[PDB]
């Protein structure tokens, strides 16, 4: 967390490992499945039951991944979505993931996004959003999605970002319920 010449949030070995080991997950469920492997790695690593990762929309090349590091990280903005997006733009040398020349980018996340991440996804340059758990599922193990605009789906769809949900919802709920059990 704390430094001075920088805002710095360190990552546990699995996340570091996920962001630096090559991986091509073509099918949507292959991406989501790997994202769920990370959620579980995260709990084991003292973090919230959320993970996400930016892949290139068509190939399924993993660019970056992120998990909740809010508590261990002392940073309320360290939602899975934020780190996965920001680490993706680091790796690609741009703040906009849809700058000319770059292959289309997808953020595959374990749960639907909270208001904050909802904004993050918009500015990010990402061209699609694939979720696992619904917002009900999320705000039924204690996590708050916050006041999003009515029709946040349409809001994202209305700027070149296509939304999908429920994908491997059940397996993601298994994961949610286990955390909430403990």
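Numbering follows the first chain given and starts at 1.
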item	value
Stretch exceeding the other in mean C-alpha B-factor - 149-157, 128-136	149-157
Given 137-145 and 116-124, the range whose Cα B-factors average higher in the PDB entry	137-145
Highest-ranked of 83, 75, 92, 108 once sorted by CA temperature factor in the record	92
Where the record places residue 168 (Cα B-factor, split into thirds across the chain)	lowest
